[PDB]
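Beneath this line is the structure, given in structure tokens, with notes to follow.
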Amino acid sequence: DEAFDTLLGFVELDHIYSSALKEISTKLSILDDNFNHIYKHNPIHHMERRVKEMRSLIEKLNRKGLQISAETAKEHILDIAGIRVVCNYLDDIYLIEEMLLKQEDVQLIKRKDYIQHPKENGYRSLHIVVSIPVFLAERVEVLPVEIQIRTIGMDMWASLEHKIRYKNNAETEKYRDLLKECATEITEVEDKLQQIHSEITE
Amino acid sequence: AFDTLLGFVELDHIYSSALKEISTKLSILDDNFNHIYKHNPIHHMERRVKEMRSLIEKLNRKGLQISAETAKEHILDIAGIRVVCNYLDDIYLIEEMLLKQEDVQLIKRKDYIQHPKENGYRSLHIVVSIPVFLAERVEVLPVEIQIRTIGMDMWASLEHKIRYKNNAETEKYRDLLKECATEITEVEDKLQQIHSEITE
Amino acid sequence: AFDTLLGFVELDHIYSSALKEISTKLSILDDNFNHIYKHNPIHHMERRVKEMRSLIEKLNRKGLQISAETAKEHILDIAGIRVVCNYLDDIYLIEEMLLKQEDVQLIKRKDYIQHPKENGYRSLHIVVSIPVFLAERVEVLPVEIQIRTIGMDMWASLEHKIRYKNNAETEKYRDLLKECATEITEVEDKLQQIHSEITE
Amino acid sequence: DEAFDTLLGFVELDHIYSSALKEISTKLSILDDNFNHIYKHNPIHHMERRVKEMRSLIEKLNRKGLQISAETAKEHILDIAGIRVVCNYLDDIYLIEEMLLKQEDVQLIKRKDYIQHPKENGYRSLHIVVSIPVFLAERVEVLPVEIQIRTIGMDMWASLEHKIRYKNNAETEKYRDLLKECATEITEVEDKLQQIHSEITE
Ligand SMILES: Nc1nc2c(ncn2[C@@H]2O[C@H](COP(=O)(O)OP(=O)(O)OP(=O)(O)O)[C@@H](O)[C@H]2O)c(=O)[nH]1
Ligand SMILES: Nc1nc2c(ncn2[C@@H]2O[C@H](COP(=O)(O)OP(=O)(O)OP(=O)(O)O)[C@@H](O)[C@H]2O)c(=O)[nH]1
Ligand SMILES: Nc1nc2c(ncn2[C@@H]2O[C@H](COP(=O)(O)OP(=O)(O)OP(=O)(O)O)[C@@H](O)[C@H]2O)c(=O)[nH]1
Ligand SMILES: Nc1nc2c(ncn2[C@@H]2O[C@H](COP(=O)(O)OP(=O)(O)OP(=O)(O)O)[C@@H](O)[C@H]2O)c(=O)[nH]1
Ligand SMILES: Nc1ncnc2c1ncn2[C@@H]1O[C@H](COP(=O)(O)CP(=O)(O)OP(=O)(O)O)[C@@H](O)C1O
Ligand SMILES: Nc1ncnc2c1ncn2[C@@H]1O[C@H](COP(=O)(O)CP(=O)(O)OP(=O)(O)O)[C@@H](O)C1O
Ligand SMILES: Nc1ncnc2c1ncn2[C@@H]1O[C@H](COP(=O)(O)CP(=O)(O)OP(=O)(O)O)[C@@H](O)[C@@H]1O
Ligand SMILES: Nc1ncnc2c1ncn2[C@@H]1O[C@H](COP(=O)(O)CP(=O)(O)OP(=O)(O)O)[C@@H](O)[C@@H]1O
Ligand SMILES: [Fe+3]
Ligand SMILES: [Fe+3]
Ligand SMILES: [Mg+2]
Ligand SMILES: [Mg+2]
Ligand SMILES: [Mg+2]
Ligand SMILES: [Mg+2]
């Protein structure tokens, strides 16, 4: 087992995917600011970025039966770069998607809509993987970025469900029912807030 | 020599420094609670120094002289910080942790969580003083801290947007906003109860 | 309806966005050069959008109409970024790396390093355009990039502070500032020569 | 060798010394901004913070003959938290020191002045270790912070000398003489800039 260059391979990945996050963050910040400038509403509440830790990446590769290599990771793992866009209201989610995908150097790679089709546990979010060019010192990389788009309420719910799920399944089955209740109650109140906000901005 | 009250520019400078002092304290508390218990009580923070426009209006509203000296004496929210927390009990955790510090003095406390306003507003308001070390002197300045949950914050942002138009028009939503505040309260109570159980 | 030229507020908004686009590009280049060669060519960066006050004066100075449309057409430094580099050759490294990018177009180049101004000023100035993706349209906007070493920057900050008083008074230092520029040049040449040797 | 708790000890150190850096950074930012507000000069050009990496800390402990433990590190290693304050002009260095040490919760612990007494290789900087209180969730720590105060020119010189020194002594002896020349030439030009700046701000 002499392969130390596999480790260098993953260190490169961390560096270039971190740069992809900066490119998309800047795009999103500009969209939010311009929309606010025109319509006096910020669709984005806040954003969170993370590059997948190498340990988490190797486990995912193993989980999926894939080789433990950077070439394989770059080809088959689409969430090495992840950004979470937390929006103020439900309709902001799809506004953000539309504004970003219109851009000529952003290509849609994968789309999963858990808002129209929530997961069994009650999870909601719009997930889009997009590619963006990253201009490095001596080459260009076109890299995927996984964007999770959700409301404040979806994010509150997901953070709590995550914390339960990441402490064994015994506990994740007491709260299953009550967590579903919460997801639905969050859905209902955000619908009302959205309804009010739409009327006062006609 | 007319009312060249430059003093208000001085106010903005030193109250902005007080905000940096308190923000640093809060960030350290959040980081350390996370280090020990694996939970961040703070979701995010927002700071603002009261604009001179709003400040003069408040002084007039209260029948006070239009001067920086009078503002520093009578207006406790020139420096404001908003601490948005993840769960209801984080609000009181943050308060307890800040007031334990030896260079933090409590000046005023209003808890609109235990006693919500008529329209449904909820938040814990504490005014504290902190020392600010300047180039040639020390100032002990008040800072208004609004501590609230994410849910309370969403509600307040929406209600604020209503009130800040022709304020007469669009008071039909009073009833429906109150419903939302109650519904947010109930869901956050349930989230809090779950979070308490899985963390002992 | 008098000259409610709100247009200048529009200008500030979109040229500020262009600055974010270029800054992100430069930061990524610096990070990657460091990753490969273990050197950061960038020491730090400073951004500013030209104030409306200065902008109208420039339009008047050039005999141009006082309008945002005219400003966007004729003023190439509404958005300015200053890239302060660690060594002299970093200046040209940064230029080469930026101009290689396919969505960056060169508009104008003035090299006051190869041809210093009379007072001793030195810097590389390149105006480039970049696309800015807004909510409902694309804008291709010029950005003035001043690229200089740390030594050039120290000199310029001091000279700027002189010129920006009663500008008639304090022109005795012209001679002594020129000496400093030459002395800074000579030391930075020597630092550069050492740095080149220990990095092959 | 079961001591895994030694590693936890050092992880605590990183966390609390990082907090000490935030406290001192905020103090310094406020001083610079207030001085600028009054006198229209920013004495600070920029600041750089770093918490010593655990590897570097263990090597220093070994170099000094000290036990490999967090208690020992906290007692005997004064640069776990380091901040570098780069100033615009020479006199700014001592202004910053004076303004900071006047504060009632800052105590001077150690002072080494390589400006009045430069090192043989030509290194210049004012080094002060100070203590500051850090208010944590359940306790207070009074922690040292090593502050390196220097001009822009001293910093340019030190960065280059560092890069030479950290590639074997063979090369660090060709440039010794020329590096001394540079340090002196930087000293002389900054004296002139300082002299001009003093006259135009009388
Ligand atoms: N808190 C929470 N997060 C979830 C849940 N499902 C997904 N996520 C998050 O959203 C990410 C992407 O989810 P998916 O869109 O379903 O991923 P995928 O389609 O299976 O493709 P791969 O993730 O690469 O395997 C996950 O990695 C999680 O971070 C859930 O039930 N609760
Ligand atoms: N969005 C929103 N904010 C509120 C409401 N009440 C208070 N606030 C905020 O909390 C701040 C302080 O309010 P209070 O503590 O009750 O005191 P006050 O009536 O505003 O005047 P003072 O006590 O002198 O400071 C206000 O200035 C607002 O920023 C509300 O119903 N909706
Ligand atoms: N501190 C300082 N800055 C300078 C000096 N010359 C230029 N600059 C800066 O560089 C900017 C651009 O200068 P130039 O490229 O030569 O062109 P210009 O004469 O200023 O007018 P335009 O070309 O139309 O943009 C100036 O606006 C200044 O910010 C100088 O002698 N001292
Ligand atoms: N670039 C450069 N840095 C130096 C030189 N000397 C010190 N430093 C830096 O400044 C730091 C502190 O230096 P000193 O004040 O001399 O430290 P000390 O008195 O020996 O006490 P300890 O460092 O704990 O052992 C060093 O750890 C270096 O980071 C030098 O000749 N060149
Ligand atoms: N697209 C994204 N944007 C921002 N943050 C994200 C994100 N995806 C994940 N995260 C966050 O990053 C942290 C670590 O998550 P990961 O280790 O990468 C496992 P995961 O990605 O969520 O599931 P997975 O590996 O099976 O795909 C989690 O706290 C988390 O929710
Ligand atoms: N007081 C300080 N403030 C800011 N940066 C610092 C600093 N001291 C050191 N550094 C920087 O931190 C990086 C790592 O330095 P360290 O690993 O901690 C060894 P050192 O501290 O410089 O010598 P030493 O360990 O013998 O005391 C170096 O690039 C560096 O110059
Ligand atoms: N304590 C605080 N922390 C953070 N942000 C605050 C804050 N107080 C107010 N703000 C914010 O500042 C904006 C307007 O503030 P102000 O001009 O000072 C009127 P106000 O402070 O809210 O009421 P008041 O003048 O009666 O006291 C609001 O959008 C807002 O909620
Ligand atoms: N390209 C640039 N990048 C970063 N900062 C800049 C910059 N150009 C100017 N500045 C800074 O902005 C300040 C004043 O700028 P301006 O109001 O626009 C006058 P100017 O741009 O320097 O000359 P000009 O109007 O003839 O073109 C100066 O302190 C300063 O050097
Ligand atoms: Fe403090
Ligand atoms: Fe871009
Ligand atoms: Mg994932
Ligand atoms: Mg108020
Ligand atoms: Mg200009
Ligand atoms: Mg050291």
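If you're matching them up, the sequences are chains A, B, B' and A' in order. A prime marks a further copy of an entry chain.
First residue of the first sequence? That's 29 in the authors' numbering, and the numbers climb one at a time after it.
First residue of the second sequence? That's 31 in the authors' numbering, and the numbers climb one at a time after it.
First residue of the third sequence? That's 31 in the authors' numbering, and the numbers climb one at a time after it.
First residue of the fourth sequence? That's 29 in the authors' numbering, and the numbers climb one at a time after it.
The beta carbon of each residue, even a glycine, is placed where N, CA and C say it ideally should be.
Query	Result
DSSP three-state call for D141/B: helix, strand or coil?	strand
Is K88/A' near ligand 6 - that is, is its Cβ less than 8 Å away from at least one heavy atom of it?	yes
Check each residue of the stretch 51–85 of chain B: if its Cβ is closer than 7 Å to any Cβ of chain A, include it; give the result in chain order.	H74
Under the criterion of a Cβ to heavy atom distance below 8 Å, does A101/B' qualify as lining ligand 3?	no
Pull the bridge partners of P172/A from the DSSP assignment, please.	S159/A
Looking at the secondary structure, which residues open and close the beta strand (DSSP E) in which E76/A lies?	72–79
Quick one: any contact between the stretch 153–167 of chain A and the stretch 127–137 of chain A, if contact means 3 or more CB pairs under 8 Å?	yes
Does the stretch 61–72 of chain A' come into contact with the stretch 165–175 of chain A', if we say contact requires no fewer than three beta-carbon pairs (one atom in each stretch) closer than 8 Å?	no
What residues from the stretch 193–205 of chain A come within 7 Å of chain B, judged by C-beta to C-beta, listed N to C?	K195, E199, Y203
Have a look at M184/A', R204/A', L221/A', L171/A' and flag the residue whose alpha-carbon is nearest the alpha-carbon of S187/B'.	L221/A'
Hey, is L171/B's beta-carbon within less than 9 Å of any beta-carbon in chain A?	no
Looking only at its chain, what residues have a beta carbon closer than 7 Å to the beta carbon of residue 243/B', apart from the 5 residues adjacent to it on each side?	What is shown of chain B' runs 31 to 230, which leaves residue 243/B' out entirely.
List the DSSP bridge partners of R178/A'.	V114/A'
Along the chain, where does the alpha helix (DSSP H) that runs through residue 292/B open and close?	Nothing about residue 292/B can be read from this structure; chain B reaches only from 31 to 230.
Going by DSSP in three states, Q223/A sits in which element: helix, strand or coil?	helix
By the 10 Å Cβ neighbour count, where 16 or more other Cβ atoms means buried, how is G93/A' classified, buried or exposed?	exposed
Kindly indicate the opening and closing residues of the alpha helix (DSSP H) around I86/B'.	82–91
Strictly under 9 Å for the Cβ-Cβ distance: is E148/A' near chain B' by that measure?	no
Which runs of the beta strand (DSSP E) spanning at least 3 residues fall entirely within the stretch 192–216 of chain B', listed in chain order?	none
From what residue to what residue does the alpha helix (DSSP H) around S97/A run?	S97/A -> no alpha helix (DSSP H), and no H or E assigned at all.
May I ask you to verify whether the stretch 97–114 of chain B touches the stretch 93–107 of chain A', counting CB pairs closer than 8 Å and requiring at least 3?	no
Would you mind sorting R193/B' into buried or exposed? The rule is 16 or more other CB atoms within 10 Å of its CB.	exposed
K202/A: which of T200/B, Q223/B, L36/B, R112/B sits nearest, CA to CA?	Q223/B
Since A165/A' meets chain B, which of its residues come closer than 7 Å, beta carbon to beta carbon?	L59, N62, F63, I66, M127
Look up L129/B in the DSSP assignment and say whether it is helix, strand or coil.	helix
Taking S53/B and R77/B to be in contact with their CB atoms under 8 Å, please state how far apart those CB atoms are, rounded to whole angstroms.	6 Å
Which residue or residues does DSSP assign as beta-bridge partners of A109/B?	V79/B
Any heavy atom of ligand 1 closer than 8 Å to the Cβ of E189/A?	yes
If the cut-off is 8 Å on Cβ atoms, which residues from the stretch 86–120 of chain B' count as contacting chain A, listed in chain order?	none
At the 9 Å Cβ level, is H43/A part of the contact set with chain B', yes or no?	yes
Quick one: residues with CB closer than 7 Å to any heavy atom of ligand 11, in chain order, please.	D107/A, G110/A, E174/A
Looking at the unbroken alpha helix (DSSP H) that takes in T229/A', where does it start and where does it end?	No alpha helix (DSSP H) contains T229/A', which DSSP labels as neither H nor E.
Determine the DSSP secondary structure at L123/B', reduced to helix, strand or coil.	helix
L49/B by DSSP, collapsed to three states: which one?	helix
Under 8 Å from any heavy atom of ligand 2, does the C-beta of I105/B make it?	yes
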